[PDB]
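Student: Below: the sequence, then the experimentally determined structure.
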4 protein chains.
Amino acid sequence: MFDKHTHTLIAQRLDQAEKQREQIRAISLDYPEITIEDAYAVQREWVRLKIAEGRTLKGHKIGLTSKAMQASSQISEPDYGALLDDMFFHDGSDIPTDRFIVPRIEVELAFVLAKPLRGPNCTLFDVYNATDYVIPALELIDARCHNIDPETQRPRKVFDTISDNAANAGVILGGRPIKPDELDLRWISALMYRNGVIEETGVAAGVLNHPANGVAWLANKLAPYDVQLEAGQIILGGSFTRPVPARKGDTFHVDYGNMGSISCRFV
Amino acid sequence: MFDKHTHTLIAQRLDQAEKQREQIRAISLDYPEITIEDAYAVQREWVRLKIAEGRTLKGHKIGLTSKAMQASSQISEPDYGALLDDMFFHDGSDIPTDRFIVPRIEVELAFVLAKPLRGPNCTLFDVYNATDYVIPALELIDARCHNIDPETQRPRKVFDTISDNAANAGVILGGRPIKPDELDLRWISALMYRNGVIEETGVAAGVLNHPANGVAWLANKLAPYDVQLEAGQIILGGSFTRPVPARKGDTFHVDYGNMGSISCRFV
Amino acid sequence: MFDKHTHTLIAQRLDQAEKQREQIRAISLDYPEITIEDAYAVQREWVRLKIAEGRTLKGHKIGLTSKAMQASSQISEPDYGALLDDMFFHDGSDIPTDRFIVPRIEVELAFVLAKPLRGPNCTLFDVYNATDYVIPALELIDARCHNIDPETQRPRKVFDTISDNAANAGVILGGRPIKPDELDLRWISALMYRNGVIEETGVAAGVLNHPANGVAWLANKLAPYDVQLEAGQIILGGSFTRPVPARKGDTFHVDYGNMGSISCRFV
Amino acid sequence: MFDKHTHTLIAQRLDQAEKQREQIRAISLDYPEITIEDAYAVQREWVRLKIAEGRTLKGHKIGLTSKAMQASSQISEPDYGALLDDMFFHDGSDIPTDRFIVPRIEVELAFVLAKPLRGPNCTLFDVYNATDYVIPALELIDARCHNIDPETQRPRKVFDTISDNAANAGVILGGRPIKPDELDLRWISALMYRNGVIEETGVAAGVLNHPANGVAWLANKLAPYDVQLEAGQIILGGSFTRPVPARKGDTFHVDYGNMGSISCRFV
Ligand SMILES: [Mg+2]
Ligand SMILES: [Mg+2]
Ligand SMILES: [Mg+2]
Ligand SMILES: [Mg+2]
């Protein structure tokens, strides 16, 4: 494990990559001895830097939820990253494509907390008690590191993703807010349209068998750092679709059936 | 368009590939001038051979329904193949892995016809009127041609798949039979488990915007050949999930919610 | 009744049996005058030892919840055991078969407590008041004593099972969490699949007429020992199916209908 | 295979066994080379004799509808028997215990045919088309052959059960008649009470994955004998519970929830 100053240097390089919209070499290639603990330490430093610049923490996301993507990576559980205020775009918004590098859209559910959640021993049941509203949410993900020879599996890529604030870039909330007990969250389903054609469909149970499961897991991950999920935070639970590339000119419309819809346009 | 003898020659080679469980070189590589008309002519010949051997036509399938698949296959419409009696396995069956080469499982809805459907001008409404029951159905697909050839590493094409009876191999019907009008077919959703873990999820609208659409399209495609979809036939409308590889020892469970489930095990 | 030292030494022998995956002779054959209270004292010592090793108490289970199972065990009421943190597996997990001796799977409902339950005079209504959520739960049960005695061929007795922490080994929570008032718990039903075939089915009322009844009974049983069911504990109420053997390679899928599903694979 | 005369004489012996309520030696022990087809031939002769006496065929039952029951019977498919008019008792009837030898109660769904079903190629969909109503049904089963051989202690075999008209003795229809399309038959569930205590519970999908599947299977089994399922016949599809012994003084109550109940008392 590296000393903090190494984590800070890597964070500064990610920060410049984001600002210039120019990718850097995969962190795990430049730092072949990097550990998962180092990766989260890099993330923490970068988030710290971005908050010092004037951003505010608004929540978190859980990623790498599919067992398939978990299997091919160096780890055997999901990942997480921090959501900042400048990542949020309004339902129906024009999104500036130029701000991103290789943006892709994911289909998720978000949990808006009424009460804090703290580990250890946080459970699904604690999540239900603490959740004010569940609402559909799109995530816009991106990559500040190059991915060389993408067809060749390289498990240590997960360290890059984690360092790179779990690929965070954007969030679009929309549709129908519900109390968590209103209906069975496992069977919420969605159709993702891009430019008027369905590109992906999915069902929420594809996220960790229950789309709220990652929230409890996250609270438990954060506990050792003396961090909790705070009241008012928005927690994105994970995607039940493969991400779909967003290009300038694209319009997205994601239909969650009786849970409403979310739209945006890339300009 | 190749001569009658050449179609039969290709069909016999596909037939040998299936019987021996030994893939042949892509048809498009040995025959670079192959057209889509040729491909269907080859399929017809192979089906003729297999019926002459003692099999019976039980229905048809529609494939290449997604936008991802149509673009990558370089085609602007779906494909189709013929379903024979020996392709059908019972719900909950042991499936002999050794019978197949590279089997993969798809998640579909099947339409069981009470009345014939004939083109041209077959509509979605005709399909509703002619359908006795809709039932969940898994398709087991396979490939008798190499995906990447030993000699040149060149990829397999859409002509190869179509010639190869649209990748047909197996069908597993199960779950809950319904009249077409019982509920909105567009929103039927499914969770595909392999070995207890969700590998894919999907919603039926991902099949041509309405899972009955392919049935009408198919009747219209067959009209020129003086062929119709016959009463009693089972028509598989297309997959709302990417295919998932089946290996010896795998248990599949596909949960269609209020439409029931289908299971099998590869032995 | 035996002295405290004997309870401790029997518990140590069971602990070694579990650790080494090697069964010991039925305790009741070595100790012909063993009482039900002795059996619970052995259980308490074993739980104490495991907690001393760093384990944490997470809840309890109730067993022998059929009049038929009670008759076979020559007892007139259920039994209970303690659930420790290391017994819990995630929904969809690989379960290490080598960790167990003769594992079997049961189908249950779990009660997650928001408030403590203390005897005497704990009622069904107290259980409803104290329960935060009900969630489907599988129990993985095992046996550290021989069922058929190597020397005498005589069978294991209820004293052996109770001493052996009521056959406890594993727990798998999954599916849909509900408030106890959401629907009639009595009519929750389930299909247990092993390797894609239904091995057992059952309905929750098969557990003591109402799956919450065992929880009240348990609180009342524990009162004389100055023990109560604590807030945050998970209480498994009993199986509505006969247990089904788990072997290496087995995939389990348990379908509780509108209450969701739980799966796992033995590896 | 035995000659026709032997089938007749075995049937006469079973007929006397039933009349006298005195078991005979297991047929398979007297006839070690007995085949499944011999067993069905004995059954056919017995049915013929009973009809000659003035009885009328009212339908059929399907048995051994579990993979587990099939394994115990060393068979790879269900069995069947014929239901005669004098086997039917009214809901809430006193049942004369003295008429039977070792009676046991099973919990089933019955299919009342509006149209005939003939093999080969009878499907689930044909069953739905031909079924007028589905109604809960209890089966009273019995055994005219010793389970444990007086001389050798050897057990009864499947050939014995099939010869013995598939253990047929009584049928009790009751509860709520529904059109097959009214609800999902797979999820009909039941609680069997004997003397006010639940002895078994079960769900209809436990019968061959779908309680109508046995009906199609049966039509296909009967086709080679130039027999079909006739309009107006009642077909019992299989038990979703293990049979429960009936003794003089026993009251049975079987609760199918929203499908109604069936009761009887043994006197
Ligand atoms: Mg995401
Ligand atoms: Mg298909
Ligand atoms: Mg249990
Ligand atoms: Mg029966």
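Tutor: Nice, I can see it. Residues are numbered from 1 along each chain as shown, chains lettered A, B, ... in the order given. Ligands and ions are numbered 1, 2, ... in the order given.
Student: Give the full set of residues in contact with the closest residue to ligand 2 within the stretch 1-150 of chain A.
Tutor: Going by C-beta to the ion, ligand 2 is nearest to residue A:68 of the stretch 1-150 of chain A, at 20.6 Å. In this view, the C-beta of every residue, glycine as well, is placed from N, C-alpha and C. If you count contacts by C-beta atoms under 8 Å, 6 or more residues apart in numbering or on different chains, residue A:68 has them with residue B:199.
Student: which SSE is it in?
Tutor: Following DSSP states H and E, one finds residue A:68 within helix A:67-72.
Student: Excluding covalently adjacent residues, which one is nearest to residue A:197?
Tutor: In this structure, residue A:197 finds its nearest non-sequential neighbour in residue B:67, 5.3 Å apart by C-beta to C-beta, 6 or more residues apart in numbering or on different chains.
Student: Let me see the contact set for the one you found.
Tutor: By C-beta under 8 Å, 6+ apart, the contact list for residue B:67 reads A:197-199.
Student: In ChimeraX, how would I select the buried members of the residues you listed?
Tutor: Provided next is the ChimeraX selection string for whichever of those are buried by 16 or more other C-beta atoms under 10 Å in any protein chain shown:
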select /A:198,199
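Student: Could you point out which of the contacts of residue B:67 is nearest to residue B:230?
Tutor: Sorting the contacts of residue B:67 by distance to residue B:230 puts residue A:198 at the head of the list, at 30.7 Å, by C-beta to C-beta.
Student: State the phi and psi torsions of the closest one.
Tutor: According to degrees, to the nearest 10, the main-chain angles of residue A:198 amount to phi -70, psi 120.
Student: how about the helices in the stretch 101-250 of chain A?
Tutor: Assigned helices in the stretch 101-250 of chain A, in chain order: A:124-130, A:157-163, A:213-222 (criterion: DSSP state H, counting those that start in this stretch).
Student: Burial-wise, tell me which of the ones you listed comes out on top.
Tutor: helix A:157-163 (a mean of 26; mean count of other C-beta atoms under 10 Å in any protein chain shown).
Student: same for that helix, what does it pack against?
Tutor: Helix A:157-163 makes packing contacts with helix A:27-30, helix A:36-52, strand A:79-84 when contacts are defined by 3 or more C-beta pairs under 8 Å, 6 or more residues apart in numbering or on different chains; DSSP states H and E.
Student: Up against chain C, what does the stretch 1-150 of chain A have?
Tutor: Applying C-beta under 8 Å from any C-beta of the partner chain, one finds that the stretch 1-150 of chain A approaches chain C through A:67, A:121, A:123-125, A:128-129.
Student: quick revisit: report the distance from the helix holding residue A:68 to the chain centre.
Tutor: The chain centroid and the centroid of helix A:67-72 are separated by 16 Å under C-alpha atoms, centre = their mean, to the nearest Å.
Student: Then stretch A:161-180?
Tutor: Remark: stretch A:161-180 is offset 5 Å from the chain centroid, using C-alpha atoms, centre = their mean.
Student: List the buried residues for that stretch?
Tutor: By neighbour count, with 16+ other C-beta under 10 Å as the criterion, the buried positions of stretch A:161-180 are A:161-175, A:177-178, A:180.
Student: now do the same end-to-end measure for it.
Tutor: Start and end residues of stretch A:161-180 are separated by 30 Å (C-alpha to C-alpha, to the nearest Å).
Student: if we can go back for a sec, out of the helices and strands packed on helix A:157-163, which is the most enclosed?
Tutor: Ranked by mean neighbour count under mean count of other C-beta under 10 Å, those are led by strand A:79-84, which reaches a mean of 24.
Student: Does anything pack onto the helix or strand just after that strand? Which helices or strands?
Tutor: Toward the C-terminal end, the helix or strand that comes next after strand A:79-84 (DSSP H and E) is strand A:88-89. When contacts are defined as 3+ C-beta pairs under 8 Å, 6+ apart, strand A:88-89 sits against strand A:168-173.
Student: Show me what the strand it packs on is packed against.
Tutor: Judged by 3+ C-beta pairs under 8 Å, 6+ apart, the packing partners of strand A:168-173 are strand A:79-84, strand A:88-89, strand A:131-141, strand A:234-239, strand A:261-266.
Student: What pairs with the second one, parallel or antiparallel?
Tutor: To tie it back to what came earlier, the one meant is strand A:88-89. Each strand pairing with strand A:88-89, determined using DSSP bridges, is listed with its direction: strand A:168-173 (parallel).
Student: and the angle from the strand it pairs with to strand A:131-141?
Tutor: For strand A:168-173 against strand A:131-141, the angle by axes from the mean of the first three to the mean of the last three C-alpha atoms, to 10 degrees is 130 degrees.
Student: Need the contact partners of strand A:168-173.
Tutor: Contacts to strand A:168-173, defined as C-beta under 8 Å, 6+ apart, come from residues A:61, A:81-84, A:87-91, A:93, A:95, A:100, A:103, A:110, A:135-142, A:234, A:236, A:262, A:264.
Student: thinking again about what came up before, a markdown table for the contacts of residue B:67, including distance to ligand 2?
Tutor: Formatted as a markdown table, those follow (distance: C-beta to the ion, whole Å):
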| residue | distance to ligand 2 |
| --- | --- |
| A:197 | 20 |
| A:198 | 17 |
| A:199 | 19 |
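Student: mind putting the contacts of residue B:67 in TSV, distance to residue B:252 included?
Tutor: Rendered in TSV, the data for those read as follows (distance: C-beta to C-beta, whole Å):
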residue	distance to residue B:252
A:197	29
A:198	24
A:199	25
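Student: re the thing from before, output the helices and strands packed on helix A:157-163 as JSON lines; include the columns distance to residue A:203.
Tutor: Listed next are the helices and strands packed on helix A:157-163 as JSON lines, based on distance: least, C-beta to C-beta, whole Å:
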{"stretch": "helix A:27-30", "distance to residue A:203": "33"}
{"stretch": "helix A:36-52", "distance to residue A:203": "30"}
{"stretch": "strand A:79-84", "distance to residue A:203": "22"}
